[PDB]
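A short worksheet on the structure shown next.
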Amino acid sequence: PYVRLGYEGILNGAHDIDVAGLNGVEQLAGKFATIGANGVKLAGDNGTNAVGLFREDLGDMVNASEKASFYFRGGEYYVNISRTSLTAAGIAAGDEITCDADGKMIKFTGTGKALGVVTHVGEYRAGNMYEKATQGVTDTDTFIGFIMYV
Amino acid sequence: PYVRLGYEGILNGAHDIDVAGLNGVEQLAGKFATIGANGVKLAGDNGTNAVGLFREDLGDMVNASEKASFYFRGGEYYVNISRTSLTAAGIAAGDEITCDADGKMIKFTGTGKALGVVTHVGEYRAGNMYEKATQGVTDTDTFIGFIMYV
Amino acid sequence: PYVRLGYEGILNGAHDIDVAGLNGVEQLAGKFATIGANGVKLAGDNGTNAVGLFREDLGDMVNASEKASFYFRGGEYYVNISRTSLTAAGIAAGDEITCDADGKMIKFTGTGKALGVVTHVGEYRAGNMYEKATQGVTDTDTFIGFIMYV
Amino acid sequence: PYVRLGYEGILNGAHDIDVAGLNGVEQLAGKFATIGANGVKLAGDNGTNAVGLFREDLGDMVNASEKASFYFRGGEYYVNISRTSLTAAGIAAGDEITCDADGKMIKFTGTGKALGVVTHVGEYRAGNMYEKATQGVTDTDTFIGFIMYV
Amino acid sequence: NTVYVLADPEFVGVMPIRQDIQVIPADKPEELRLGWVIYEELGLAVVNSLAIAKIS
């Protein structure tokens, strides 16, 4: 039970190329996932989490950062974007994830404000100030989140 | 590189050395077999490894998975090349071991065959689906102690 | 030239290579140190120093924090090849600086598979990996200033 | 986390009030359109009302809900003839509204039958009195934001 | 005269709270400082209080 078995739909889209300049990969480089907590539902589609961060390692696995319970490092620090397939389609859970370094498209599931980015392990919150951008006149907090980078 | 130095056993064994008949993808780059901490020849939780589940650690060493959850095992992995003699057939002692990327058999002991978790032993066991990864659509036979091709 | 380091003033006795990424290129430009919002009365001298373990904690600004060993994950190293002179003082603005890591090929430290770690200011030390680590897991043909993809 | 409900943070769209039934004509014995039902501009509770339904509390002013649901009186629940509300406060057009009393489609609010008391968020819920006068469609269990024909 | 026109009812007064038990501040060394008050307004003569806009 739960999505993330067989060929399944998408949250972050499919087969994205040219989605980032110098801050994200533009060639397809996807690779399979060893997952952390994805919350009430496996491989996301829910309030808590939505499919967390991966960071590339040597081999045919990419795996968890894993940042808990929602810490963040600014500029580049790797986010999971789109998925690829070869025997199963869908965003993580033993299926191929394409990553970037903070590129597009990111599209994670929340209630209200925050949203933000999700890792594995924790509830859906958004990073603050001295974790993402505290450049110029900005409001971001743990009560305040929108889908994209701040 | 490979060496017949140090300790030629697999500590905390159950099957010990194992030889996978299918060759996967090469990733012969050198690295130490010093478990966890660097220069710690052998340590608690060396586990039953040889062509088992592995986790690389940041630095200059590769070692046992040493984790009981949150890298649930579905998709591809990391493997030690057993085609080269190595210290045993996988991990143990210090010194340079060549490892590779998945496309080799690994060993379970659970009722995993299509749905997986991570054992700190670096053996594979049964998922449940809820936050645990899915290997492929692929089936292998369950008899316990059997070698599944991933 | 020579020894200049200003006075009109071009050498600058410090050369740091912008290594273009792999599979679609990635760059990151040298970062300033500023605490929150953008620096007033000039922006001072760079937060990044050639041969130093830094982490961005802000979008255009880089700061202290040291990546802890154990379980292999991505970059945030920003090692830049060492300059000649000023190697235990950091590197001052008007000399060559960049950031190298995170979605690009990097600059490595340490000769052989024997590695240790780096101090911020541009010095190298010995040390085994046991509460901190720097640079990716060692590979074949890895020396100082060598190009590892991480 | 954190989700507004009512009070001008929910969008309920727009619906046509000249659809279904007989349609009267423009005449007096109306009442005024404002936010608040005895309040003042920029201070009013609001249901899941859009177009259709608004009950006077004090003064001869309307906005959604608020009035004891033991006894409904005034001639129907009031409907709009030949202006369609362009707000989702229920009605709050900022004009004097000429009202009607022919059979006319409304928007409801609150779970369960209106035969109860008022919740001060702009909703109906069950009170200690039962078998009190209902609104619109009968024989049919009404829920929060149902479309009834009077 | 400010006192006359309006009056300030206070539901709860200004209080600081500081949280290292909040999710995102805990993980980090960071501490979150909240400053808040919950207020309300009374109008004792909102039907008067003279105002002008220059036309000069």
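When we count neighbours, we look across all protein chains shown, and the Cβ atoms used for this are built from the backbone with ideal geometry, even at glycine. Every number in this text was worked out from the coordinates using simple rules, so none of it is lab data.
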Inter-label distance, nm, simple model (7 Å from Cα along the C-beta direction), B:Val40/B:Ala126: 3.3 nm
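Taking the highest mean first, how do the peptides A:61-69, B:36-44, E:39-47, B:54-62 order by number of other beta carbon atoms within 10 angstrom per residue?
Top to bottom by mean Cβ count within 10 Å: B:54-62, A:61-69, B:36-44, E:39-47.
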Over all alpha-carbon pairs of chain E, lay out the pair-distance distribution in 10 Å bins, whole %, shortest bin first. 19, 24, 21, 16, 15, 5
Over chain B, volume per residue of the alpha carbon convex hull, in Å³: 94 Å³
What fraction of the DSSP beta bridges in chain D is antiparallel, stated in percent and rounded to the nearest 5? 80 percent
Shielding by partners for A:32-44, please: the mean number of other protein chain Cβ atoms within 10 Å of each residue's Cβ. 6
Net charge dipole size for chain D [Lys, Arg +1 and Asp, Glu -1 on Cβ; Debye, nearest 20]: 340 debye
In Å, the Kirkwood estimate of hydrodynamic radius for region D:94-150 over Cα pairs equals 12.5 Å
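What does DSSP give for the protein assembly as shown in terms of the percent of beta bridges that are antiparallel, rounded to the nearest 5?
80 percent
May I ask you to order C:1-9, E:17-25 by the average number of other C-beta atoms within 10 Å around their residues, highest value first? List each step's numbers first, then the result.
Numbers: C:1-9: 9.7, E:17-25: 14.6.
Highest-to-lowest ranking by the protection proxy: E:17-25, C:1-9.
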Can you list the copy-to-copy distances for B:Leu22, using a point 7 angstrom from Cα toward Cβ, in nanometres, shortest first? 2.7, 4.4, 7.9
Dipole magnitude (debye, nearest 20) for region C:85-125, charges at Cβ of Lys, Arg, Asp, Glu: 240 debye
For the pairs A:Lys41/B:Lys41; A:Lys31/C:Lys113; A:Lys41/B:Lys31; A:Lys107/C:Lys31; B:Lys31/C:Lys104, note any where the Cα-Cα span goes beyond 32 Å. A:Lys41/B:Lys41; A:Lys41/B:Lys31
Pseudo-spin-label distance D:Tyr71 to E:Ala45, built 7 Å along Cα→Cβ, given in nm, is 4.0 nm
With eigenvalues of the C-alpha gyration tensor scaled by 5 and rooted, region C:63-131, Å: 21, 15, 12
Counting only other chains, and only Cβ atoms inside 10 Å, what mean value do you get across the residues of A:130-139? 5
Can you pull the mean other chain C-beta count within 10 Å for peptide A:48-61? 6
Quick one: which of D:22-30, B:106-114, A:26-34, A:133-141 comes out on top by average Cβ neighbours within 10 Å, and what's the full order, highest first? A:26-34, B:106-114, A:133-141, D:22-30
At 37 °C in a medium of viscosity 0.692 mPa s, the protein assembly as shown has a Stokes-Einstein diffusion coefficient, with Rh taken as the Kirkwood radius over alpha carbon pairs, in µm² per second, of 112 µm²/s
Label distances, nm, C:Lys132 versus same residue in remaining copies, Cβ-directed 7 Å point: 3.0, 3.9, 7.1
Taking a point 7 Å out from Cα toward Cβ as the label site, list the nm distances between A:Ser69 and the same residue in every other copy, smallest first. 1.4, 2.9, 3.8
How big is the dipole moment of region B:1-88 about its Cα centre under a simple scheme where the beta carbon of each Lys and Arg is +1, that of each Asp and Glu is -1, and everything else is neutral? Debye, nearest 20, please. 60 debye
